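Presented below, as structure tokens, is a lone chain in the form deposited in one PDB entry.
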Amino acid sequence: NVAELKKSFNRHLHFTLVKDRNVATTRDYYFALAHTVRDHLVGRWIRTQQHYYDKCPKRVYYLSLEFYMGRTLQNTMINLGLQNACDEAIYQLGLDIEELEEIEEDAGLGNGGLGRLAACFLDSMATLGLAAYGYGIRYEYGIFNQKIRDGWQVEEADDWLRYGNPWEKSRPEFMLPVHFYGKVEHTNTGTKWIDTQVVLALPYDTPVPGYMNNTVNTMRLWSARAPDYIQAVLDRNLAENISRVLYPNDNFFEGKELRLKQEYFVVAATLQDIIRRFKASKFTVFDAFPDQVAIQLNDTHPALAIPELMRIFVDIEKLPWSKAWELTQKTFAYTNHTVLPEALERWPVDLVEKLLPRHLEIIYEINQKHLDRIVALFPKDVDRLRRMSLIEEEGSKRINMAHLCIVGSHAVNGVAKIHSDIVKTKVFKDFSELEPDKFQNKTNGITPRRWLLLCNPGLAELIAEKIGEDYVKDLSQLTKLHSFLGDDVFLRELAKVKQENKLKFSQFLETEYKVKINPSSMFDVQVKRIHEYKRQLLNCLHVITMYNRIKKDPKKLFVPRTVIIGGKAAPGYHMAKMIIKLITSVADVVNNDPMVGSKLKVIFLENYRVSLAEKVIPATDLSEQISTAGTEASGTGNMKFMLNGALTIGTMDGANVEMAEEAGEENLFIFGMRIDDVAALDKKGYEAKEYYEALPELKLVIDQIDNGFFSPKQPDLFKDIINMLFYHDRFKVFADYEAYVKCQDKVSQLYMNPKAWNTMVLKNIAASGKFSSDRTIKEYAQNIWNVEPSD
């Protein structure tokens, strides 16, 4: 009740924060509420983990280097059914709950979609009552805080743990040793890994509350600790550096030794903990291991788990190779997230030989047995051997981590129908021919808790008033909103909810940027990590085309827009940082032009993260999902926008294909080249200058960027962009330009008719049910992990 929540808050402010109402800060009030909310899940947290020990169901271990959790206060209150009572408790005490919630730092331990998928999955697995654990690294610094200085991206350290974290709880008794370097000794006692450097792994447990049930699961994150005198003590920082910072690479492989250290650190600590828990349970002694343990590999990042489990089985537990291999394959499952060559992990053998010598011997041994099996099936095909090998012998010998994951797992999955098909029939064609039942599809999803109930209370309330509150546990029930198709009362209520969200977010934009936002404008948003494949550059070419159309004929009819493009660029990604400079330079010319005025405003939304995503998404009218066909594995941003009342402009890529299947192709703004048309242009050879010389609209845009219209001080500034666009554009920006601007004209035409726009929005929300991560998890549960959703 309300009275006990106030009493608990006051008890925490006094005893935990050591303050009275006279000198307490807003931060003290946030902590007092956080501790009060955490206290309310303790009973269910203990009981859930006790239940798993007592009944011994098959456990699911989600092993990831990334968990993009965001803020947990409001999420926990909603899932526990305590939001209304806490809101009232805080009000009665004369405080503002929005002010307290804003103090919380995001647990930004992820780069983008991959890390967010892991977070949505934890929420879904707990809601479904599965015996699931999330395993990762407790990075002291998550994804950097982004600032825009003089039009460029600047990085600031994300010191999220500065003032503490009230959600985590250290588990001292489960501290484990992780070994590095050393050498291999082949004695008569067996194979030993000696002379190693030890780094301790201290686990921290964070609660994962299920939506309105009695389940509270665990996310276990590991922190690295160390096991002239002053210098020896200062050098302890080197061991602790393993869990210091998240590598800010999204869909890009950077082969640094510290990243390999992180990957092994989480793998070794996690596997030892899982084996310890297995041995402590009610269950030669490992025959029942895959019937009790399922470990999911989120990308190839924790691929080292395969030879590490083999190392524990063969070297420590003394199990013979063949049995150890059978058990390993049945335990692991791998999820592929990209087909891009630069995003694939290929670790140099020399680096792995130095850091993990025993693991390299095991990888070689796995490759030996794998290749000997292909010789027995195909003796005359010599090229299939080097193509299927885990080792790439060309010049500098590297280990293909994707191939290691395929041979060491019983199931390999993609993240959307179109993607899983390319993974199966194209990229790993040789593997899928040998074992057809290994490769499968698991279309991505998002949690309707954080991505609807939390972020958009207005739309959540609207839907509940019309079709009932049953849609949260079964999102397919959103189809019942079709009963209101001709109803002008509902279409006006839907637009009013969108307007309330737009007005709230416009207040944020005017305080952070010097801009006068037009309240009647179409919120055109592209928020995702900055990449050449995601094509924020194509969006920028359209913003310039619109600017050039207004300057040509000022008194002509133009549908007002607020173009918001946001996202972080990897610090070492030159081209992405150039795209950001281009967007901010275009923004300064468009926003300060008196002829344009309220017709078009451009905003580069700084520091795009989970909490900001929660604010921008419900305020969006148009969603930009313009990646080149065959490059975006799935995308999850697309599903968030669809659930929140926005229309989608995009290519037939990733999950956009499935969104089009569910809502009806005519209900999305699909344009451009499809998978076959991109492949037909690769065989012919991409000549970018043809589109520049054929389309006059594109010529003026590119000339303005090349001459220095957007940069009068530095006319040679965007030359790296021009040289890429003409000779090295693997993502064919100019090839999709015409179809894009024509499609954007159709979006503008529909916005002028509120009734038709909102009828299309209704069809998108009503068909967004398949995109619940609850659906995605039920499929992984039935066809991969072999676990049953309990209530």
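Between two forms, the rigid core is the largest collection of C-alphas that superpose within 1.5 Å. Note that residue numbering begins at 1 and tracks the sequence as displayed.
Omitted from view is the form deposited in another entry, to which the following refers.
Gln368 is the only residue from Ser476, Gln197, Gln499, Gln368 whose Cα shifts by 2 Å or more between the shown form and the other one, the rigid core being superposed. Relative to the superposed rigid core, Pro348 undergoes a CA displacement of at least 2 Å between the shown form and the other one.
The Cα shift for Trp152 between the shown form and the other one, taken after rigid core superposition, is smaller than 2 angstroms. With a cut-off of 2 Å and the rigid core superposed, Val382 has a Cα displacement that reaches or exceeds the cut-off between the shown form and the other one.
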